[PDB]
Amino acid sequence: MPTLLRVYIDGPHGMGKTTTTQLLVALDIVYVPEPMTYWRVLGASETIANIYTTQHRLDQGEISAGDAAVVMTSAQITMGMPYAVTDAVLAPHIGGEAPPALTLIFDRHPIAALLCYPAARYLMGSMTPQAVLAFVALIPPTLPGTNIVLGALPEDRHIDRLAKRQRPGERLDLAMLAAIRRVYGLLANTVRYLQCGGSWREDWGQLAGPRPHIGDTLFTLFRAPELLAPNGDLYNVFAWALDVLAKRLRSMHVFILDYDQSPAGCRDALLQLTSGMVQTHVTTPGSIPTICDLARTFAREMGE
Amino acid sequence: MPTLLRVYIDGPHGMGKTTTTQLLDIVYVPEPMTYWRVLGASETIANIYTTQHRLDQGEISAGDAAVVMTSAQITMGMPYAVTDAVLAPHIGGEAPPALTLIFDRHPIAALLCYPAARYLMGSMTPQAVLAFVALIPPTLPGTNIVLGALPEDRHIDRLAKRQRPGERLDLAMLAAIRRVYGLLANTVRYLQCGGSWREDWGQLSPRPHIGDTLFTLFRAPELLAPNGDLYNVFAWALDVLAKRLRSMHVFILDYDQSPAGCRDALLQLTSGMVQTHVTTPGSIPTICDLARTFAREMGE
Ligand SMILES: O=c1[nH]c(Nc2ccccc2)nc2c1ncn2CCCCO
Ligand SMILES: O=c1[nH]c(Nc2ccccc2)nc2c1ncn2CCCCO
């Protein structure tokens, strides 16, 4: 059976990620863009604009935390829908791990919708930690060959960039920018932590390269009063969601891409990272064409 | 590897499922009432019924209602998602069972049936509904679902006898939900006899007619392009639904009888349920601990 190379470029918004995925493709390679048309029209009306307004009305003391949460949470569901459908449709085509016959470059991974942004909004106070763990419990099983590229960019440059690379409905909120950057840095450490054999349950009381301190992983965000029982321990339901989190992240192949450079520099840097990435076989011979069409149809219908 | 038997008692609420299950190498995992009332959020059922009421009364709009209603389904289904997640690794291939697990509801009640009924009640968008559908976990081997049977008025009698905290006796919601489970049963038989929704879709414009399956609910205007075509994103979500439901094993329990009988009935259906092996030697004890701990912590 032919082989497939899947690469999900992810990380905080505003680093020039979407531009370099396109440059890469401009060079048997297909792109799955951000489903902007779904966010703007098909799933709901101006979801991004709705998200920024709600957070703003919250920070302004114009709505309550509960009003904000109800709105922020439903908005997250609309944002992640195209990501879940894509994963569920692609799943039965992915075979065991292995020039690929096909290279699929995705603009973000389901965890951006089911973990990272919801965690950042929790930090921003417009979502509850229980809702964040409900999304995490729904993260789909990690398929073989899940290569994820996370980006790095100094904060001052990112700030400067953001004042440029905004989004229709987006308001420049640097508290949110800081939150999302911290959430993705914790993600990176968590994968490291897990692959070095870390056990969050063993290290709970304590709340490439060497094994990170659990306090430097995502597990640290879930030490909130709402999830702790009278005896000070986490309720079993919340703890099992962390077991799920650990299970999902430990089989992923994470890489860091430096965005503090020109678009062409980023493309070439990503191109070399692409050599040491895990491929998989496809489950059937006609998987490649079928997969080619899914990406192109998704792109055509939702790219914007 | 020892064998396990999972049984998910599902269907519209208020038919006597727990009355029968509590009269029943076998653990029972109750519904997560404490999570709904306290752990996940404060009084989730009250919030759900109050919001619909307000919308019914015109005190709020369809959009305000949808945001609150959708957000609440997330709290309602959480314990079911984690449970399926943590259990999945232990389930082996199709196979007296070492253990029998009687679950109070399957994730599809939370990620498909209730959201669908709420859409049918005007307080949930069909796009939000297909997002929950897209997240339904893969159907593990040996997934046996028991659905209820009961004439509407006896069901209304039964419902009146057991309101949950914050619930308001809504006959429109009772019909919506009954409709959804009826369609659900027809949908499984449709898929099992070889039905292809994409092929039978035009009909909306030996197996049940697609008009009597869950597919008919998604011929909703919000999901269609100007030419009437379903957008591919939604079509892909319908492909997932078809995939998840076809491999389920459905069993019908007549509730229109006595608790002794209903309970007797449940035990008889057990003979045609499919068993599976567990994945490790230590799977049985761990699955046992999981069930007792879920019950102890979230069963009220
Ligand atoms: O609250 C938020 N949720 C999500 N979810 C999300 C889901 C899938 C892919 C990308 C983002 N994204 C947010 C939010 N605020 C700003 N953004 C970034 C918006 C621009 C993403 O291009
Ligand atoms: O909007 C609703 N959503 C759900 N979701 C739900 C989630 C998991 C298990 C059962 C139901 N349940 C609802 C709703 N209204 C009434 N009920 C019934 C509550 C009592 C179930 O016995």
Side-chain angles (χ1 to χ4, degrees), chain A residues 8 10-14 17-18 33-36 38-39 47-52 54-55 71-73 75-84 106-122 124 126-127 135 162 166-171 173 176-177 179-180, chain B residues 8-15 17-18 30-33 35-36 44-49 51-52 68-70 72-81 103-119 121 123-124 132 159 162-168 170 173-174 176-177:
Chain A
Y8 299 80
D10 216 312
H13 60 280
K17 307 185 294 76
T18 56
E34 283 187 331
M36 243 303 161
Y38 190 89
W39 302 339
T47 311
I48 304 180
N50 179 37
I51 285 169
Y52 283 99
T54 303
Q55 182 74 49
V71 181
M72 275 288 0
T73 309
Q76 299 311 308
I77 292 288
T78 302
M79 298 289 286
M81 192 276 188
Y83 286 94
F106 299 83
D107 213 301
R108 313 189 87 113
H109 186 267
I111 62 168
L114 301 171
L115 166 67
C116 307
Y117 275 88
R121 287 296 175 188
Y122 156 58
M124 284 303 289
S126 44
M127 270 191 247
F135 285 103
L162 239 316
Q166 291 280 69
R167 203 56 61 115
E170 175 156 11
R171 309 179 196 266
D173 177 335
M176 180 53 197
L177 206 245
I180 196 68
Chain B
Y8 300 81
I9 312 300
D10 221 299
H13 62 297
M15 296 186 297
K17 304 178 280 87
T18 67
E31 68 175 10
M33 191 72 230
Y35 192 81
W36 300 340
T44 305
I45 292 172
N47 191 40
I48 291 172
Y49 281 93
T51 301
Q52 183 75 53
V68 176
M69 194 59 61
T70 302
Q73 305 309 302
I74 298 285
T75 306
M76 296 290 291
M78 193 273 187
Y80 290 92
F103 290 95
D104 187 309
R105 297 179 176 290
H106 182 262
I108 66 170
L111 300 156
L112 169 63
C113 309
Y114 276 88
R118 288 297 176 186
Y119 153 67
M121 287 286 290
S123 49
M124 201 130 284
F132 283 97
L159 213 208
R162 255 314 133 229
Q163 291 289 101
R164 302 284 199 292
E167 169 171 26
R168 304 179 190 217
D170 195 326
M173 182 58 190
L174 197 260
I177 199 59

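Below, each value reflects all heavy atoms present in this structure, side chains not excepted, and no hydrogens, waters or symmetry copies. Counting starts at 1 for both ligands and their atoms, in listed order. Below, read A as the first sequence line, B as the second, and so on, with proteins coming before strands; counting in each chain starts at 1.
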For the [atom1] atom of [X] and the [atom2] atom of [Y], what is their distance to the nearest 0.5 Å?
| X | Y | atom1 | atom2 | result |
| --- | --- | --- | --- | --- |
| B:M76 | B:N47 | CE | CG | 10.5 Å |
| A:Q76 | B:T70 | CD | OG1 | 13.0 Å |
| B:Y8 | B:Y80 | OH | OH | 11.0 Å |

Ligand 2-proximal atoms of B:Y35, by part, heavy-atom distance under 4.0 Å: neither
Is it the side chain (CB and beyond), the backbone, both or neither of B:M76 that lies under 4.0 Å from ligand 2, heavy atoms counted? both
Taking atom CZ as the centre, does B:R162 end up with more than 12 heavy-atom neighbours from other residues, nucleotides or ligands that are less than 6.0 angstrom away? no
If you have a sec, work out which protein heavy atom is nearest [atom] and how many Å separate them, to one decimal?
| atom | value |
| --- | --- |
| atom 18 (C) of ligand 1 | A:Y117 CE2, 3.7 Å |
| atom 19 (C) of ligand 2 | B:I45 CD1, 3.9 Å |
| atom 15 (N) of ligand 1 | A:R121 NH2, 3.2 Å |
| atom 21 (C) of ligand 2 | B:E31 OE1, 3.7 Å |
| atom 22 (O) of ligand 1 | A:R167 NH1, 2.8 Å |
| atom 16 (C) of ligand 2 | B:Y49 OH, 3.3 Å |

Is it the case that the side chain of A:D107 and the backbone of A:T18 share a donor-acceptor pair, with hydrogens and angles ignored and the cut-off at 3.5 Å? no
Whether the side chain of A:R108 engages the backbone of A:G11 through a donor-acceptor N/O pair (distance < 3.5 Å, no angle test) should be reported. yes
N or O pair under 3.5 Å between A:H13 and ligand 1: no
I'd like to check which ligand 1 atoms, numbered from 1 as shown, lie under 4.0 Å from a non-hydrogen atom of [X].
| X | value |
| --- | --- |
| A:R108 | 9 (C), 10 (C) |
| A:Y83 | 8 (C), 9 (C) |
| A:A113 | 7 (C), 8 (C) |
| A:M72 | 1 (O) |

Could you please spell out the steps behind the side chain to side chain donor-acceptor pair (under 3.5 Å) verdict for A:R121 and A:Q55? CA-CA 9 Å; A:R121 287 296 175 188; A:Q55 182 74 49; 2.9 Å; yes
Is a salt bridge present between B:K17 and B:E31, judged by a nitrogen-to-oxygen distance below 4.0 Å? no
Which pair of non-hydrogen atoms, one from A:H13 and one from A:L177, has the smallest distance, and what is that distance? O-CD2, 4.3 Å
Using heavy atoms and a threshold below 4.0 Å, how should the contact between A:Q76 and ligand 1 be classified: side chain, backbone, both, or neither? side chain
